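In: test case, fold it:
(2 chains, ligands or ions: 2)
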Amino acid sequence: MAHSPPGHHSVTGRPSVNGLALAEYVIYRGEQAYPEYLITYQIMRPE
Amino acid sequence: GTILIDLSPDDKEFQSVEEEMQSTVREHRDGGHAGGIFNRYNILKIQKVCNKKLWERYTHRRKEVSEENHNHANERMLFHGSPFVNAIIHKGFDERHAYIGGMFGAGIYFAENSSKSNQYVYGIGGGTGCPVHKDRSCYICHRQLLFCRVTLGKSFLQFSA
Ligand SMILES: O=c1cc(-c2ccc(O)c(O)c2)oc2cc(O)ccc12
Ligand SMILES: [Zn+2]
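Out: Residues are numbered from 1 along each chain as shown, chains lettered A, B, ... in the order given. Ligands and ions are numbered 1, 2, ... in the order given. Here you go:
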């Protein structure tokens, strides 16, 4: 596992092409996330 | 130390988590290759993950980040998809859940789009698809995502294609 950029606690990947894409994020310490909900699902075949 | 509590579909908490799941689906540039072809999900169960030790671990670090960033944790709720969610919920996130080859370096990755994290549920690039049918687009097999509380603190802004 790498380190944060100096002076930062995470990285934000801001989408710059796909106008519809939301952000993605990276943390470098496991203690910076808590797995609050387990969601069980299936993807649905479109009509 | 982990216990899982089932949320009722009548519970407002179940409903707000489902809505975030469904409303952050998007089309992907791979036409469904990694994660499958779908516009929405069938939610089978939503469970609250309870572990005292992992939670205190989280809040301890959160306070540290906060005091380094004018009392602002910059906390988000974000999705995480992987083949190892059942280890994560018992032992917490650590360096074994790091995407060594990701765009932004060897760290632990989260998405605002649920459909993005869905691409990683069977492995990087969807791996070989579901274990039972080897179908990245399986409509039968049960999949699991985590909806996670994440401390970002001061976040480095990377513009990216
Ligand atoms: O949910 C994610 C899981 C993972 C992921 C990647 C590699 C792993 O070995 C892993 O366990 C999870 O990667 C993502 C990358 C993104 O750009 C956005 C979300 C994820
Ligand atoms: Zn299957």
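
In: CA atoms for contacts and neighbours, from now on please.
Out: OK.

In: and the residue in chain A positioned nearest to ligand 1, how many neighbours does it have?
Out: Closest residue of chain A to ligand 1, C-alpha to the nearest ligand atom: residue A:24 (5.6 Å). For residue A:24, the count of nearby residues is 20 (other C-alpha atoms under 10 Å in any protein chain shown).

In: now for it: which residues touch it?
Out: A:12, A:13, A:14, B:109, B:110, B:111, B:112 (C-alpha atoms under 8 Å, 6 or more residues apart in numbering or on different chains).

In: ok, so of the residues you listed, who is nearest residue B:155?
Out: Among the contacts of residue A:24, residue A:12 lies closest to residue B:155 (C-alpha to C-alpha), at 6.0 Å.

In: what about residue B:143, neighbour count?
Out: Neighbours around residue B:143, by other C-alpha under 10 Å: 21.

In: please disregard the earlier target; I meant residue B:31.
Out: By other C-alpha under 10 Å, neighbour count at residue B:31 equals 10.

In: now it. Nearest residue, chain neighbours left out?
Out: Spatial nearest neighbour of residue B:31, excluding adjacent residues (C-alpha to C-alpha, 6 or more residues apart in numbering or on different chains): residue B:37 at 7.3 Å.

In: ok, the one you found touching residue B:135?
Out: No - checked against C-alpha atoms under 8 Å, the pair residue B:37 and residue B:135 is beyond contact range at 11.2 Å.

In: could you check how far stretch B:89-100 is from the centre of its chain?
Out: 12 Å (C-alpha atoms, centre = their mean, to the nearest Å).

In: buried residues, that stretch. List them.
Out: Buried residues in stretch B:89-100, counting neighbours by 16 or more other C-alpha atoms under 10 Å in any protein chain shown, are found at B:89, B:90, B:92, B:93, B:94, B:97, B:98, B:99.

In: what's next to it, contact-wise?
Out: Contacts for stretch B:89-100 (C-alpha under 8 Å, 6+ apart): A:1, A:29-31, A:33-35, B:1-2, B:49, B:51, B:54, B:84, B:105-109.

In: show me how to select, in ChimeraX, the buried members of those residues.
Out: A single ChimeraX command selects the buried members of the contacts of stretch B:89-100 (16+ other C-alpha under 10 Å):
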select /A:1,29,30,31,33,34,35 /B:49,51,54,105,106,107,108,109
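
In: which ones among the contacts of stretch B:89-100 are found in strands?
Out: A:33, A:34, A:35, B:49, B:108, B:109 (DSSP state E).

In: residue contacts, the fourth one?
Out: Residue B:49 is in contact with A:35, A:36, A:37, A:38, B:2, B:3, B:4, B:5, B:89, counting by C-alpha under 8 Å, 6+ apart.

In: is stretch A:1-20 positioned near ligand 1?
Out: No - using C-alpha under 6 Å from any ligand atom, stretch A:1-20 stays clear of ligand 1, coming no nearer than 8.2 Å.
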